[PDB]
Each structure stands twice: as C-alpha cells, then as structure tokens.
Amino acid sequence: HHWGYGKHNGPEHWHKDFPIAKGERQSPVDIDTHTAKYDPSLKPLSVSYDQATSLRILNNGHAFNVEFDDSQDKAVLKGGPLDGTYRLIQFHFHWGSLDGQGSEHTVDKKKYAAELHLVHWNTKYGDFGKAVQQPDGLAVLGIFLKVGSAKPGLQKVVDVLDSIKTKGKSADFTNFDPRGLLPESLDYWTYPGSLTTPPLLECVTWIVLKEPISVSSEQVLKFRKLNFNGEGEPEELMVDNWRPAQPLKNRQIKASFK
Ligand SMILES: C[C@H](CCC(=O)O)[C@H]1CC[C@H]2[C@@H]3[C@H](O)C[C@@H]4C[C@H](O)CC[C@]4(C)[C@H]3C[C@H](O)[C@]12C
Ligand SMILES: [Zn+2]
C-alpha cells in the first residue's frame, strides 16, 4: 500500500501485500511473435470512440490518468476476443527514464519507450468495481509508443502535464478524443491476464496492438518531468513506472493476423 517502483517498494516486493503477484495469469508478458498462434476465428476489433466524453486528468502518484464518463455506452470496445460490450473508463501510460525501456509488454524481448493502456469494463457487471472481481471483467487495449515523429493527438495531453506535476493534482480535461492515440492498424495479440499494478487482479482480457504509435522525444521528455511525490516534497521523477514481464505459465497468446 506504500507500493511503488523504487528499490524498496517496487515490483519484486509487491507479492508481500498482494500474493496474487505470483499468480497463474499475471501481466505483462513477453509476446513471442514466433509462438503466438494465428486464430482465424478472432474477429476484428470494434473501437467505437466517437462519443467519448473525457472529464479530467489526474496524477495519482503512479501514472497520470485521463478519466471518462462511463455512466452510459459512450466510448466502447467490442468484437475481437470479447463477448459483450466494454466501456472506456480511463487511459494512462507507463514509460521509462530512457527511450530503450518503459513498456510493460515486450515483443520478442524488445522494450518500447512507453505503453498506453485504455481500460474498459464489461457492462454486464453493472459497475467497474463489480467488473474487476470477474475473470472477464476488464478489457485493456495496450498500444506501444516508440520515439520518432510527434503524435499530434497526444499533444493536448503533454501540454496539461505542467498543471498536474505532483501526486493528487488534477485538472479539467474535457473534449479529448482518444481516437488520436490509435495507430492505423488494429491487428492485435490477445491473452488472459491481470492488472499490472496492485491489486494485480486477474480480470483482464489483454488486447495488444501490433503497430506502435510514434511520439517525439520532446513529448516523452515531458512525461518524465512528472513527479511521484506530492507538492513541495523532495522531487522523485515519475519514470520507470512499469512492471517487467511475468511468467506466461499455462497460457497461449493468440494473434489476429498472419
Ligand atoms: C490499477 C489499475 C491500473 C493498472 C495499470 O497500470 O494498468 C487501474 C485502472 C483503472 C483504475 C480505476 C478506475 O480508474 C476508476 C477508479 C478511479 C479512482 O481514481 C481510483 C479508484 C478506481 C477504481 C481506479 C483503481 C485503479 O487505479 C484502476 C483499477
Ligand atoms: Zn497500465
């Protein structure tokens, strides 16, 4: 509960408060592209974000979260491996102190500079709190970031970060369109897993896009100016807020594409 990403409270320590950390379907994992099985029965993903209603952006001490109004079916994910309708509740990123690390999932052991998680919950469970207690409660759409050209749809996020530098700060963040964070292709890998921070609950259908988005060095540098700490405290830069790959155990990663 004082968990974090430091030497003394980072991922190797989490199991002491959250024993599920050593569970059978933990995330992230390495995606071995040459052992993932193409599944021609997997449907295309349906990302319906046209009516998304963003509300606020919050530094929670672990990442920054863009929150959405999820009291109606406004922005939803369907199709792919999913049965039913999953409502977008928030997105956040994980990133590194250096461009060669920061992603949680890896691809043939390659780490990307960051990873975007769009978090959705299965509406058949009524609310998010109930959903997280179900093995099929959440669908997280994971998108890799590499450093290159700027991502124009990211800039509105980058520019508000100065206003939420420290833990517990929030800012109004309305009318943000998450479609601007998607790559061209929706080809994906999918497997059953978990939340990647405590409480580490095993309630996630992971959908990880094959195609990374590119962001500029200036954009990711701005992520790295955030703070894990609260206002006025000694500065601890919010960097390397990622959990490393966990054992795949008895799971197969499926690919939507050959
Ligand atoms: C811990 C997990 C993020 C794991 C990850 O880094 O991918 C996140 C994703 C969605 C989060 C939840 C949702 O955003 C809704 C709630 C937001 C509140 O600010 C905290 C509780 C709240 C219930 C969150 C708890 C926790 O931070 C959740 C469950
Ligand atoms: Zn995450």
# chains A, B, ... in the order shown; residues from 1 in each chain; ligands from 1
$ residues_around --residues "segment 105-113 of chain A" --least-positions-apart "3" --cutoff "7 Å" --atoms "only C-alpha atoms" --output "MDAnalysis selection string"
chainID A and resid 28:33 95:96 99:102 144:147 245
$ residues_near_ligand --ligand "ligand 2" --cutoff "9 Å" --atoms "only C-alpha atoms and all ligand atoms" --output "PyMOL selection string"
chain A and resi 63+91-94+104+115-119+140+142+195-197+242
$ write_last_selection --atoms "N, CA, C and O atoms" --output "tab-separated table (two decimals), in the first residue's frame"
chain	number	residue	atom	x	y	z
A	63	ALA	N	0.87	7.08	-12.11
A	63	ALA	CA	0.82	7.47	-13.50
A	63	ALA	C	-0.05	8.72	-13.59
A	63	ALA	O	-0.48	9.24	-12.56
A	91	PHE	N	-7.69	6.12	-19.47
A	91	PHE	CA	-6.41	5.65	-20.01
A	91	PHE	C	-5.25	6.28	-19.27
A	91	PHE	O	-5.38	7.32	-18.62
A	92	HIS	N	-4.10	5.61	-19.35
A	92	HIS	CA	-2.87	6.07	-18.74
A	92	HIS	C	-1.74	5.42	-19.50
A	92	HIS	O	-1.97	4.61	-20.42
A	93	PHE	N	-0.53	5.81	-19.15
A	93	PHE	CA	0.67	5.28	-19.77
A	93	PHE	C	1.64	4.76	-18.71
A	93	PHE	O	1.59	5.13	-17.54
A	94	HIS	N	2.56	3.92	-19.18
A	94	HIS	CA	3.75	3.53	-18.46
A	94	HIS	C	4.95	3.93	-19.33
A	94	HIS	O	4.89	3.79	-20.55
A	104	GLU	N	5.53	-2.23	-20.70
A	104	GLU	CA	5.29	-3.35	-19.80
A	104	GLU	C	5.34	-4.66	-20.59
A	104	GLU	O	6.14	-5.54	-20.30
A	115	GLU	N	4.03	2.62	-23.03
A	115	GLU	CA	2.86	1.80	-23.34
A	115	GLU	C	1.62	2.48	-22.79
A	115	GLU	O	1.53	2.81	-21.62
A	116	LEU	N	0.66	2.66	-23.69
A	116	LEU	CA	-0.65	3.23	-23.40
A	116	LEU	C	-1.64	2.10	-23.09
A	116	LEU	O	-1.69	1.09	-23.79
A	117	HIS	N	-2.38	2.25	-21.99
A	117	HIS	CA	-3.45	1.34	-21.57
A	117	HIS	C	-4.78	2.07	-21.57
A	117	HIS	O	-4.99	2.98	-20.77
A	118	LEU	N	-5.67	1.66	-22.47
A	118	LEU	CA	-7.06	2.11	-22.48
A	118	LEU	C	-7.87	1.05	-21.76
A	118	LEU	O	-7.96	-0.10	-22.22
A	119	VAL	N	-8.40	1.43	-20.60
A	119	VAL	CA	-9.06	0.49	-19.70
A	119	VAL	C	-10.57	0.53	-19.88
A	119	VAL	O	-11.19	1.59	-19.83
A	140	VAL	N	-8.29	-4.44	-21.61
A	140	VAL	CA	-7.33	-3.35	-21.70
A	140	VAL	C	-6.69	-3.41	-23.06
A	140	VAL	O	-6.15	-4.45	-23.47
A	142	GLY	N	-3.82	-2.23	-25.23
A	142	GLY	CA	-2.46	-1.80	-24.99
A	142	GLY	C	-1.82	-1.38	-26.30
A	142	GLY	O	-1.92	-2.09	-27.30
A	195	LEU	N	-4.32	-6.94	-14.02
A	195	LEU	CA	-3.84	-5.56	-13.84
A	195	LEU	C	-2.35	-5.63	-13.58
A	195	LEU	O	-1.86	-6.58	-12.96
A	196	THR	N	-1.62	-4.60	-14.03
A	196	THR	CA	-0.17	-4.60	-13.93
A	196	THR	C	0.39	-3.81	-12.75
A	196	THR	O	1.60	-3.70	-12.61
A	197	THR	N	-0.50	-3.26	-11.91
A	197	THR	CA	-0.13	-2.71	-10.60
A	197	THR	C	-1.05	-3.35	-9.56
A	197	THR	O	-2.12	-3.87	-9.89
A	242	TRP	N	6.91	0.96	-14.76
A	242	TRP	CA	6.49	-0.24	-15.47
A	242	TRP	C	6.86	-1.49	-14.69
A	242	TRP	O	7.87	-1.52	-13.99
$ select_by_dssp --residues "segment 32-175 of chain A" --states "helix (DSSP H, G or I)" --output "PyMOL selection string"
chain A and resi 123-125+128-131+152-164
$ residues_around --residues "residue 139 of chain A" --least-positions-apart "2" --cutoff "6 Å" --atoms "only C-alpha atoms" --output "mmCIF file with N, CA and C atoms, in the first residue's frame"
data_model
loop_
_atom_site.group_PDB
_atom_site.id
_atom_site.type_symbol
_atom_site.label_atom_id
_atom_site.label_comp_id
_atom_site.auth_asym_id
_atom_site.auth_seq_id
_atom_site.Cartn_x
_atom_site.Cartn_y
_atom_site.Cartn_z
ATOM 1 N N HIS A 120 -11.150 -0.659 -20.082
ATOM 2 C CA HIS A 120 -12.588 -0.801 -20.296
ATOM 3 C C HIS A 120 -13.180 -1.887 -19.401
ATOM 4 N N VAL A 204 -8.469 -9.390 -16.562
ATOM 5 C CA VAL A 204 -8.201 -8.646 -17.799
ATOM 6 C C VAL A 204 -8.062 -9.524 -19.028
ATOM 7 N N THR A 205 -8.879 -9.247 -20.044
ATOM 8 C CA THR A 205 -8.579 -9.688 -21.386
ATOM 9 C C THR A 205 -7.701 -8.618 -22.035
ATOM 10 N N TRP A 206 -6.462 -8.983 -22.287
ATOM 11 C CA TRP A 206 -5.475 -8.086 -22.877
ATOM 12 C C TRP A 206 -5.588 -8.140 -24.388
#
$ closest_residue --among "A:240, A:60, A:211, A:123" --to "residue 74 of chain A" --atoms "only C-alpha atoms"
A:123
$ residues_around --residues "residue 44 of chain A" --least-positions-apart "2" --cutoff "10 Å" --atoms "only C-alpha atoms" --output "list in words"
residues 41, 42, 46, 47, 78, 79, 80, 81, 186, 187, 188, 256 and 257 of chain A
$ atom_distance --atom1 "atom 18 (C, counted along the ligand's line) of ligand 1" --atom2 "atom CA of residue 67 of chain A"
8.8 Å
$ closest_residue --among "A:83, A:69, A:233, A:218" --to "ligand 1" --atoms "only C-alpha atoms and all ligand atoms"
A:69
$ closest_residue --among "A:232, A:192, A:244, A:178" --to "residue 53 of chain A" --atoms "only C-alpha atoms"
A:178
$ select_by_dssp --residues "segment 77-254 of chain A" --states "strand (DSSP E)" --output "ChimeraX atom specification"
/A:77-79,86-95,106-107,114-122,138-147,170-172,188-193,204-209,213-215,254
$ closest_residue --among "A:133, A:149, A:229, A:72" --to "residue 216 of chain A" --atoms "only C-alpha atoms"
A:149
$ closest_residue --among "A:202, A:17, A:236, A:50" --to "residue 131 of chain A" --atoms "only C-alpha atoms"
A:202
$ residues_around --residues "residue 158 of chain A" --least-positions-apart "5" --cutoff "9 Å" --atoms "only C-alpha atoms" --output "count of residues only"
4
